[PDB]
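A.B. asks: Got an experimental structure here, sequence first:
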Amino acid sequence: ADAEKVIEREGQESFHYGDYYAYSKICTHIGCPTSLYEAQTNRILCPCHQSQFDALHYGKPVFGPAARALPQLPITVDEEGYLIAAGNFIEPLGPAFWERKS
Amino acid sequence: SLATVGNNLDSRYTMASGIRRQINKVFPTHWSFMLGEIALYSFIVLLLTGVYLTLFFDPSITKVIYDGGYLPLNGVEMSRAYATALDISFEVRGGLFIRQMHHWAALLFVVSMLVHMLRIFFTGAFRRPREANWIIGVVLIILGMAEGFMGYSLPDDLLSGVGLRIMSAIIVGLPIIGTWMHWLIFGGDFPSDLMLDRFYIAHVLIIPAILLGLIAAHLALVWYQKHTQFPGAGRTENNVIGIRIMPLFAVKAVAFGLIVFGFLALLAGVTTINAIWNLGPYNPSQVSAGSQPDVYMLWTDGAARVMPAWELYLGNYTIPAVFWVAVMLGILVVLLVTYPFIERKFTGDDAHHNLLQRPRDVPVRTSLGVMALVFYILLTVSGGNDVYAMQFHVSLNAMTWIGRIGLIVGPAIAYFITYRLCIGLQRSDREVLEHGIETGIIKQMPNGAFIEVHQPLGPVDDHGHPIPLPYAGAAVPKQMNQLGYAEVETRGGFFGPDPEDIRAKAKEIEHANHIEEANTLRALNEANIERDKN
Amino acid sequence: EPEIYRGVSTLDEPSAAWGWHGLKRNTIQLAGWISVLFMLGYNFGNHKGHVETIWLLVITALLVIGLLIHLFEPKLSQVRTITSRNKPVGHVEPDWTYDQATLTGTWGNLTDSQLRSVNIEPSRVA
Amino acid sequence: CXXXXXXXXXXXXXXXXXXXXX
Amino acid sequence: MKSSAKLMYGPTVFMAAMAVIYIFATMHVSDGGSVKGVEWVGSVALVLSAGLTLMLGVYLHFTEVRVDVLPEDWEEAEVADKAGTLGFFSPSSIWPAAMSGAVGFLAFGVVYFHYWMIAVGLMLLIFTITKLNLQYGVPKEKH
Ligand SMILES: CCCCCCCCCCCCCCCC(=O)O[C@H](COC(=O)CCCCCCC[C@@H](C)CCCCCCCCC)COP(=O)(O)O[C@H]1[C@H](O)[C@H](O)[C@@H](O)[C@@H](O)[C@@H]1O
Ligand code: HEM
Ligand code: HEM
Ligand SMILES: CCCCCCCCCCCCCC(=O)O[C@H](COC(=O)CCCCCCCCCCC)COP(=O)(O)O
Ligand SMILES: CCCCCCCCCCCCCC(=O)O[C@H](COC(=O)CCCCCCCCCCC)COP(=O)(O)O
Ligand SMILES: CCCCCCCCCCCCC
Ligand code: FES
């Protein structure tokens, strides 16, 4: 019911399997792991400085000091029926720095 | 045997007049003139427990499979640093005791300086000529905080590792040269080899040496100005009234010295700190909810939490939101360091002050201090607002907003209240000088008027109504027990009544004693007056 | 007589001569307005909720109201009225209890009947 | 300042995976 | 307080009579709008409610026997009769506010049910009560 009300980012509409979404675990504020995934509110909370990234909005932050959304990894299933990475991230991972932009 | 050791030690160092000068230095006796000693004693405990702690510690990041005292975590792949820190608490006899002593001493050290700095600030001991001391001390506290930070990051556990991840990612996200500077410090991407080595070699040498040098310079410079003191009876701006170094000051210093040492030895045993066996080896993927650094580092983390997402995108380049945090912390440090200069610009008074001043008589500075304390406390609370939120049942979003808004309205309310209370304390101080001590004897006059008996501290004119004594910068008595009108006049033990014969003489002797004391004190006052009119 | 030291009277702040006393009124408003700027600037984060903005605007309004009545310094005047059996400014109050104890002033002229009603015989007064 | 290069979805999507190999 | 010790007998005897009526009327009357049997809350707390008034009444009665005719208790008393000392009233103290703060700390301790907070609040309260009592006793500072 939740997968059907996801808003995709431009250029990554094909980065999900059936119901599976893979986001980088490293916070886009500072390199803390954002692993506090709330099952019902569908928000991912960072323990360090309390950024909430939406899971139904391609990882867009909705609270805290984080300004950039969480990078998403393409995934798919191979012939043997194991989950594999279909490609690579389309942006640098983790915290921002001076030279990081296009 | 003793006459001859001194004889052949003086015959070659000509030290009779040099030593006599040191042992005759007078030091003001006040409980707030000792808070600096606490920092010193805690520092001695740190460097002594620290040396013992380095005989068992290997600061290497090289991964090993653990087999040791801790039966859990056997078979777990950890760094060499973590394995040895885990060995000095489960395989070294009394090693946990010393480890905990070290950490407790670190905490006390930082709190021994903060409280000391507050004493210096409030009483105005940073004024001319004592600004080198203020600058030296400020550098001392910043370096103490930095030292503590790199100390608990040595074990390379999961909790401390996240602190290093935060610190590295703060550096890397600096405009222009934050990328090169990060790579110059860590020697590459985080984590790196020679990252626990540079930190270990700067925590047990670089910082200690710098700190020891600054401390020694600090103390020597203090011994040169021979302290400061509060206004009081017989004490002017060109003298020190207190006790000599021997036999009174030196013994009191040792007594208090070992008291602090003994207190740290109690907490080291009875109270757990930094239970690293429950935290596990550092792993970049694993994190915990309570990832606060340490109490003295909470303010920096609290600053990072309450800063909104304010990134500046400049085409091919980006300024992170955390940059503003750095800017803000930089401003706070600059404001703190260069305080004597800003205080004397807006007061226009630089007149070689040797007499202290009570906080109540400087409402602007006192209020600024309490304003800044509330700022620091709110940053500190915001730094651990996730443990506040759960344990005290408050919304975490609400806590963030309290921090954000509270940093503006908290300081404002603190200033207002503190200013008013300072003036209130000033007013209460004048009522006593004008009218006398308010005794609790509500007499009824024949007409029926209820009147309170007032005890004048000065001469009266015709019919009570004391001649108002001018303010003197000292503490005025407020109760009648402060003049010894409640003093117990029954010598003896708890059960022993004590013979009257020996009980009469002792009360007479003490009476003559305090009479002579008061006489000598008022004579000193008179001397100052007729000295100040020439 | 009260003394002024640095624009601050010893009458208002007793120990005006001992320490830093009184911030100039222009510095109390600089801080206030800078704070208002920060409080208005808080509305430019990523937060989706609107409860926090209600608090921001309310607090900003309270700050603005404060900084205006600190600036224009509103004053009023004495009411200058007369209420039932209340005397105007410049009336001297007789010591009623003194007049009661010794038969003077207000109690200066009592009828012999009125003396006995308060338990004192007129033969005792001359 | 508001957002670097992250933009919303182009058009709403739906599919059936049905990844089969018998 | 000559009449004060006496007027407490009124409520005392009233409540004593109501408590005995209550017990006997509640355990022996079946109304149909309730059940039969002694009520153990209105009985104990009304017997012991009369106890309070009796205690205060008796204490004031014993006290008023061994007091002389005071000017405040004399119908035709001059103002100059009490001319003297009315004993010792505390002019000021900070400790009431402190000990209210201490009870507040213990209060929140019990609310959150934090053992450390309860313990600290308990000993933060002992300290302030102690300082309240020892306020006028603090000896002149011995050097
Ligand atoms: C030592 C003295 C210290 C005393 C300090 C006491 C002051 C603390 C005040 C605390 C107020 C808290 C009210 C709670 C408000 C709250 O929970 O709202 C939150 C956002 O918090 C806010 O903005 C409020 C922050 C503004 C507070 C300003 C505090 C400044 C203080 C320091 C100064 C004033 C007091 C000074 C006293 C000092 C004494 C001397 C005079 C957002 O709600 P949210 O977590 O998103 O959850 C919901 C979903 O669950 C749900 O779906 C729903 O649908 C959603 O809508 C959402 O609400
Ligand atoms: C490393 C921690 C520190 C130690 C061990 C230390 C030690 C001392 C000692 C032993 C004194 C002698 C007088 C006294 O006890 O009050 C003193 C005085 C002084 N300290 Fe510190 N101090 C430290 C930190 C600081 C800090 C952080 C500051 C300032 C920001 C500072 C500024 C002063 C000043 C101005 C004096 C002079 C007080 C006076 O002469 O009246 N100190 N210090
Ligand atoms: C200057 C003041 C100092 C402070 C504030 C300080 C602070 C700390 C702290 C907070 C820790 C973490 C301890 C723990 O895990 O429980 C630590 C660890 C350590 N410190 Fe220090 N320290 C200081 C000085 C020194 C000195 C002078 C040495 C060596 C000569 C030293 C050697 C060590 C060692 C070996 C560790 C080992 C890490 C461990 O076993 O936990 N320290 N320090
Ligand atoms: C342990 C703490 C001890 C150190 C205490 C800190 C004191 C350093 C601060 C110096 C303050 C100078 C005060 C002064 O001289 O007053 C005035 C300085 O000018 C100002 O008021 C600056 C305005 C800045 C307001 C900042 C707003 C904050 C917004 C919230 C940010 C989120 C001058 O005083 P005067 O003109 O003489 O009345
Ligand atoms: C000075 C600034 C300090 C920075 C702190 C930042 C603010 C966040 C504080 C979080 C508080 C968590 C409280 C809590 O959860 O309670 C407990 C967890 O932490 C503690 O135990 C608090 C210990 C604090 C020291 C008290 C010692 C008492 C002995 C006194 C003898 C002298 C849980 O309750 P419990 O222990 O089970 O009773
Ligand atoms: C009677 C002559 C021998 C004793 C003279 C005193 C010896 C010198 C003492 C110097 C003390 C320096 C510590
Ligand atoms: S590191 Fe994830 S929010 Fe600060």
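C.D. replies: Sure, I can see it. Numbering: from 1, shown residues only, chains lettered A, B, ... in the order given. Ligands and ions are numbered 1, 2, ... in the order given.
A.B. asks: Okay, and the beta partners of the residue positioned nearest the centre of chain A?
C.D. replies: Nearest to the geometric centre of chain A sits residue A:23, at 3.1 Å (C-alpha atoms, centre = their mean). As for beta bridges, residue A:23 partners with residue A:72 under DSSP bridges.
A.B. asks: residues in contact with it?
C.D. replies: Applying C-beta atoms under 8 Å, 6 or more residues apart in numbering or on different chains, one finds that residue A:23 lies in contact with A:44, A:53, A:55, A:59, A:70, A:71, A:72, A:73. (Each C-beta comes from the backbone N, C-alpha and C, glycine too.)
A.B. asks: residues from chain B in reach of ligand 1?
C.D. replies: By the rule C-beta under 6 Å from any ligand atom, the part of chain B lying against ligand 1 is B:395, B:397, B:398, B:401, B:402, B:405, B:406, B:409, B:410, B:413.
A.B. asks: my read: the fourth one touches residue C:52, true?
C.D. replies: Yes: in this structure, residue B:401 is within contact of residue C:52 by C-beta atoms under 8 Å, at 5.1 Å.
A.B. asks: Could you report the neighbour count for residue B:292?
C.D. replies: Under the neighbour criterion other C-beta atoms under 10 Å in any protein chain shown, residue B:292 is assigned a count of 20.
A.B. asks: next one: residue E:70
C.D. replies: Each residue near residue E:70 was counted by other C-beta under 10 Å, and the total is 12.
A.B. asks: That one and residue B:248, how far apart?
C.D. replies: Noted for residue E:70: a distance of 57 Å to residue B:248, by C-beta to C-beta, to the nearest Å.
A.B. asks: now residue B:74
C.D. replies: The spacing between residue B:74 and residue B:248, counted by C-beta to C-beta, is 57 Å.
A.B. asks: What's the nearest residue in chain C when you look at ligand 6?
C.D. replies: Taking C-beta to the nearest ligand atom as the measure, chain C has residue C:18 as its residue closest to ligand 6, at 44.2 Å.
A.B. asks: Check chain D too.
C.D. replies: Of the residues in chain D, the one nearest ligand 6 is residue D:1, at a distance of 73.1 Å by C-beta to the nearest ligand atom.
A.B. asks: Would you mind giving the secondary structure of that residue?
C.D. replies: Per DSSP: H, G, I helix; E, B strand; the rest coil, the secondary structure class of residue D:1 is coil.
A.B. asks: What count of nearby residues applies to it?
C.D. replies: The local packing of residue D:1 (other C-beta under 10 Å) involves 11 other residues.
A.B. asks: who are the neighbours in contact with it?
C.D. replies: Under the criterion of C-beta under 8 Å, 6+ apart, the contact partners of residue D:1 comprise B:311, B:312, B:313.
A.B. asks: Could you identify the buried members of the residues you listed?
C.D. replies: Neighbour-count burial (16 or more other C-beta atoms under 10 Å in any protein chain shown) is assigned, among the contacts of residue D:1, to B:311, B:313.
A.B. asks: In contact with residue B:79, which residues?
C.D. replies: Contacts for residue B:79 were tallied using C-beta under 8 Å, 6+ apart; they are B:60, B:61, B:62, B:63, B:64, B:156, B:196, B:281, B:282.
A.B. asks: Report the separation between the second one and ligand 1.
C.D. replies: In other words, residue B:61. With distances defined as C-beta to the nearest ligand atom, to the nearest Å, the gap from residue B:61 to ligand 1 amounts to 41 Å.
A.B. asks: cool, and residue B:18?
C.D. replies: Distance, residue B:18 to ligand 1, by C-beta to the nearest ligand atom: 54 Å.
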